[PDB]
Structure formats: C-alpha cells, structure tokens
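Cβ sites come from the backbone with ideal geometry, for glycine too, and all protein chains shown count toward neighbours. Just so it is clear, none of the values below were taken in a lab; they were calculated from the coordinates.
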Amino acid sequence: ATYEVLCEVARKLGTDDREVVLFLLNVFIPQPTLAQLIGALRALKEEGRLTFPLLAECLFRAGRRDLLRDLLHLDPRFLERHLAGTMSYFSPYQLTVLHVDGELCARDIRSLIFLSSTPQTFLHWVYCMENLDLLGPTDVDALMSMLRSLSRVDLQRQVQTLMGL
Amino acid sequence: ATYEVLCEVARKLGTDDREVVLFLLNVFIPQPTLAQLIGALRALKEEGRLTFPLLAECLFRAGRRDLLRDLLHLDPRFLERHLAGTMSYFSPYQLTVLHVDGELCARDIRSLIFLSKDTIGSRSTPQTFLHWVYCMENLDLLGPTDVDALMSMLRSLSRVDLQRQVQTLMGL
Amino acid sequence: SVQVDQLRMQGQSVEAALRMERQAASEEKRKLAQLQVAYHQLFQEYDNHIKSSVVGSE
Amino acid sequence: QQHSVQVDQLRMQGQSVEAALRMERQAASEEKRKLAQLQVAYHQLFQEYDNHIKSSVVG
C-alpha cells in the first residue's frame, strides 16, 4: 500500500544517493542495487524505524528536494525552515561525513580509492573505518587525517569546526 | 495557527456535542460554553494530550462527520474504515456510554432528568444523560469496573434493550 | 437573422458555463490550498511528537 | 450577400470559446488529480501518525 511510495523513492534515488540515504539510516550497503535498497528500506519500515518525518529529512539532507516535493508532498522551502528549528534525526557526525562526501571532488575521491579489503566511494571508506573501529562519532582523527593526504586543509578545518575545536 | 482549528471546531460544535466531546476526553463540564469548551481543549493541546488522531475520532464519535471533511480534512468514509481496523483511543466503557447516550429518546431523557434531580452529591441536578453519568461517577457509583448502576437506570426507564446491549458491550 | 440568434443564444450558453467553470476552479484551488496547509500541519505535529517522545529518567 | 461571411465570423469565434472551455476543463482535471493525490497523501500521513501513538502507550 504505502510501501509503494518507499519504492518509487528508491527507484528515483540516484546512484550515489542510495549510499548517502542508506548511510543516514544506519543500514549502509556498498554500491547497493534496487532490490537491495528497497529491501533495506522496506525492512526499516516494517520495524517502525523509518518514519515519514525521518524519510523526509533523510531525503532533504541527501539533496533530493525534488523527491521530497513530488513524492512526499512537502515544500522543501518549508521543511528547510522547519529543520532549522528542530533537532535533526541525524547526528552532527553523520552530517559532517555527508558534508565532506559532498565536497570531495573527482581528483580527491579518485585519489582516496587509490591511497587505500575494499572501498570505492568515500562512504564506503567511512563504512569500513567504522567496522575497523578506526572512525566513529567519538573521534574523527582518521577522517581528519584522510583530508590531509588529499591536500584538503579547507576540508579538515571544516570537519574540525563541525565537531571539536 | 493550529489552535485556530481547535477553536473553529469548538465553536461549530453543538450544545450537546460539547458534552460528548468533553466526555470522550476524560474532561467533563455540564452544559459548557464555547469559553469553557475551548479553554478545556486548548489546555489539552498545550500538553500533548490532544493529538490530531484523537481530536479526529472525538469528532467522528461525536458524529460530526461534517467537521472532519471541513476542518480536519479527513474523508469520513476513510476514517470510518480506519477506525474499524484499530483499537480506539476510548475505553469500552466510554464507547458504551456514548452508545446509550445517543439511543435514549426524548421520552427517556426527560424522564431520567426527573427521576434523578435529588442526586446526592450533585451540584446542579442533571439535565443530560452524560451530566447524570458524570454525577454518578463522582460518587464511585459508575465507571468501567462496574456499570451495574447504568443498567438499573436503563431497566427503570424501560430500555431493557439497552440494558442488554450495555451488557453485551461490556460482557457477561 | 434567426440563424444568428440561434448562435448568439448558443455561444452565450458556452461563455456562461465557461464563467461557472472558471468560478469552480477558484474554489477548488482554495480547497487544495487548505489541504496543503493541512498536510504540513500534520507533518509538523507528527514530527515534534516523535522528537518529544524521546526522554528517559529513573 | 455577405450574410454568409457574417456566419463564419460567428462560427469561428464560437469555437474559439468552446476551445477555451475545453482547455479549462482539462486544467480542471489536472487539479482534480493533484488534490486526490494530496488527499491520499494526507490520509496515509494520518495513519502512520495514528499508529505511532498507539505503539508508544502499549510499549
């Protein structure tokens, strides 16, 4: 029934978007496929962890303001002001990670995949480092260094602002 | 903004609807005024004990299908099918009372209003079935744990059919 | 002059319905407009509800 | 003589309006569709909210 809405979202969610989304919901899956993606979402719904207002910001942060407006029926301009007055279901860690991921350019990413048994996208990296207990909301020194290996001081300083001092 | 709605609802209610609604919200007031009504609902929204979903069944229960498709924007038919596949925000007791409350005809009420009037504890004598119910509760004579006094008022009024229904709605 | 009257009378029936039509479109929009505001309102309520239902004690 | 040409000028203009009522009816359906969707969107947003409250008091 309403499960079809969640599909149409996945079905229109961009390639890199699937990783951004799944990352935000803590059900990360490297370069997922539709079946895998919708599968994951569907699971978060049947459990009750994926709520409309969550999927809403989730998509807002992801940048798919168009999906928000045409599929969920919310005015992104509205939601922006709303979100700018609440707590955000996402941690300042994730928001920083998502910030970086978005600011990294071809060179950087292409280089990151190189400088690194596998990753192929920045969110894939952060994912592993997270399992290897190297990166986490507790300490982002690793992510802080990763940006030093790529000449992104402007970035490392940004991550530094969004967390410690 | 939102309270604008709660008001428009309150002021479009009905002299009776006000008691039904207040009854349903565990917040009764004999023959209340738009002033007391609003003040009550408003105090309920200001504490999160009045969620749109509730306020909705409240009105659906109050039979104001009109205020649903006009102020809340819910298709009555939809809320109908919906409320039939979930557990109500109201107890069997409540839903039973309202049931009787609506079935009693004038000849019954006019009679009950009289038959009582000298109700111990009462501070106003009642002119409404719910008003009566209220007074009865305020004496530990009614309530869900025991509705045997409600059955009595019914068999005395010659509505044994309601006595039966009430006995069916609740059990045994 | 009658075939014309048969037109002026027919064409007028059109412009009439076209006026009634334009009128309804205005009302319906008013309707849509409310539902959009309704939708957002529900949203805002539902949202704040969740964020408020998060608190532990003793 | 020119009574025939006087008909075309009345015929052609008549349709010009009949088209507008036709076009108008179209946009009228484009909006009827928008509402219907938003209605269902509202209903669904309603149920999910309802169910969420119900699941917070039970557990």
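Give the calculated FRET efficiency between A:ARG11 and B:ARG49 to the nearest 0.05, with a Förster radius of 35 Å applied to their Cβ-Cβ distance.
0.30
Calculate the all-directions average of the projected area of chain D's alpha-carbon convex hull, and give it in nm².
About 3.8 nm², averaged over all directions.
In nm², what is the average projected area of the convex hull enclosing the Cα atoms of segment B:1-84?
Result: 5.0 nm².
Report the rotationally averaged projected area of chain A based on its alpha-carbon convex hull, in square nanometres.
Answer in nm², one decimal: 10.2.
Take every Cα pair under 8 Å in chain B that's 6+ residues apart, average their separations, divide by the length, and report that relative contact order as a whole percent. Working shown, then result.
Values: 127 pairs, mean separation 29.1, N = 172.
Relative contact order for chain B comes out at 17 percent.
Of C:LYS29/D:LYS32; A:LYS45/C:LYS31; C:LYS29/D:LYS34; C:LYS31/D:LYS32, which ones are farther than 20 Å apart at the Cα?
A:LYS45/C:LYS31
Per the Kirkwood treatment, what hydrodynamic radius in Å, one decimal, follows for the protein assembly as shown from the mean inverse distance over all distinct Cα pairs? Write down the numbers at each step before the final one.
Working: mean 1/r = 0.0364 Å⁻¹.
Result for the protein assembly as shown, one decimal place: 27.5 Å.
Put +1 on the Cβ of every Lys and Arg and -1 on every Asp and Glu Cβ in the protein assembly as shown; which of C:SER57, B:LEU50, D:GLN37 then has its Cα farthest towards the positive end of the dipole?
D:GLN37
Percent relative contact order of segment B:85-172, based on C-alpha pairs within less than 8 angstrom and at least six residues apart? Mind showing how you got there, number by number?
Values: 57 pairs, mean separation 25.1, N = 88.
Computed value for segment B:85-172: 29 percent relative contact order.
Please get the size of the charge dipole for chain A, origin at its Cα centre, with Cβ charges of +1 on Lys and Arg and -1 on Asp and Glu, quoted in debye to the nearest 20.
Dipole about the Cα centre, nearest 20: 280 debye.
Can you give me the Cα centroid spacing of segment B:1-30 and segment A:86-152 in angstrom?
Each part's Cα centre sits 54 Å from the other's.
How far, in degrees from 0 to 90, does helix B:15-24 lean away from the longest principal axis of the Cα atoms of chain B, to the nearest 10?
90 degrees
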